[PDB]
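Novice: my sequence and its experimental structure, below.
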Amino acid sequence: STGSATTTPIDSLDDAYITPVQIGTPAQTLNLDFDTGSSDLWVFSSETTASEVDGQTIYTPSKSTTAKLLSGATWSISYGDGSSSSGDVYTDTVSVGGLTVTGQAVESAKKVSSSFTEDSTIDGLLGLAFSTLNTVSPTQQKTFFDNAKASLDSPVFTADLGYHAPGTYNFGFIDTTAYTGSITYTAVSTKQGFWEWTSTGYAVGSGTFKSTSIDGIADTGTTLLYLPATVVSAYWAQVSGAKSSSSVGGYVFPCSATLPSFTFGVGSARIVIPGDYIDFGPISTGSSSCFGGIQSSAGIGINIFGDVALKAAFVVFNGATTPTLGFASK
């Protein structure tokens, strides 16, 4: 089997991407944030505290003939940005882009933190990291990808995120028309539950490539590119007027600037992030100070290849017995 679904930016900055997901019978379509940095599929629901729901589409298990309460199971998650959610669990039929899993754990939110409430466009998350990170207790549950894997033509999914445009998540096949040149594959460590790999270095604009190992995670659920302070300082030093602002919470730059590209290494191959991808616009409405899309990972504890990086590539998440990651230009 295979599946293919379009993923759409939630706003003009590509802050996140939503992908329609069918849950239950008859189908209830919710727009979920596919997150390769976590492993819970959770949704706004009829059980979510009413004051914490503001415009989202909810899953109502009582209206699904295939929903079954997973008795005794609860979940609770906190994300790298400080947001959180928790609730109980149903199993139900879940389909993405034509690919159907029966008995998928659908985690129903009883509580969500303010950042989720305030984002009306995201109805939940669909985790695509390794199932070892799943928070369901007392019986850990598998991700949608893990459940689908054996039925897939090939045990892979791919992320093809757009810059200010829709893109695609495919399951079970590699669309050879979706990228240019070749796909370069690189080793993955699953020891932390993430799609963790080591970039071979970087360049800033037309500058020379610096060969240096950068361990980090491929995370579709993080907006920006978070790299070591040395790398990030080298980037922003090429932008006149750029500075790290403690008050704003990262590097800012004059909105009048033209940003240089940023290149990262994948083995001997190179992925170029155009300068425009690194512009996240005014810090506040009407400001002439703009927020940078490359930020320091210092104090996160891990480097994160988020959407800013991933959207510059066609990315293969290879879930073979020994997982690997593939990157191609596009």
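Specialist: Yep, it's here. Residues are numbered from 1 along each chain as shown.

Novice: residue 308 contacts residue 223, doesn't it?
Specialist: Yes: using Cβ atoms under 8 Å, residue 308 is in contact with residue 223, at 7.0 Å. Using the backbone N, CA and C atoms, a C-beta is placed for each residue, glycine as well.

Novice: which one of these two has more residues nearby?
Specialist: Just comparing residue 308 and residue 223: by other Cβ atoms under 10 Å the higher neighbour count belongs to residue 308, 26 against 20.

Novice: what strand or helix carries that one?
Specialist: helix 307-310 (DSSP states H and E).

Novice: just checking, what packs against that helix?
Specialist: With contacts taken as 3 or more Cβ pairs under 8 Å, 6 or more residues apart in numbering; DSSP states H and E, helix 307-310 sits against strand 269-273.

Novice: residues making contact with the strand it packs on?
Specialist: With Cβ atoms under 8 Å, 6 or more residues apart in numbering as the test, strand 269-273 has contacts from 182, 184, 203, 209, 225, 261-265, 308-309, 312-313, 327, 329.

Novice: any idea which helix or strand comes after it?
Specialist: Following strand 269-273 in sequence, per DSSP H and E, is strand 279-282.

Novice: on that earlier part again, could you pull out the buried residues of the helix holding residue 308?
Specialist: By 16 or more other Cβ atoms under 10 Å, the buried positions in helix 307-310 come out as 307-310.

Novice: shared neighbours of residue 308 and residue 223, anything?
Specialist: Common neighbours of residue 308 and residue 223 (Cβ under 8 Å, 6+ apart) are residue 293.

Novice: re the thing from before, among the contacts of strand 269-273, name the ones in strands.
Specialist: Per DSSP state E, strands hold the following members of these: 184, 203, 225, 262-265, 327.

Novice: adding neighbour count and distance to residue 320, write these out as JSON lines.
Specialist: Formatted as JSON lines, these follow (neighbours: other Cβ atoms under 10 Å; distance: Cβ to Cβ, whole Å):
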{"residue": "184", "neighbour count": "20", "distance to residue 320": "16"}
{"residue": "203", "neighbour count": "19", "distance to residue 320": "31"}
{"residue": "225", "neighbour count": "29", "distance to residue 320": "27"}
{"residue": "262", "neighbour count": "29", "distance to residue 320": "30"}
{"residue": "263", "neighbour count": "19", "distance to residue 320": "28"}
{"residue": "264", "neighbour count": "25", "distance to residue 320": "24"}
{"residue": "265", "neighbour count": "23", "distance to residue 320": "23"}
{"residue": "327", "neighbour count": "29", "distance to residue 320": "16"}
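
Novice: cheers, nothing more for now.
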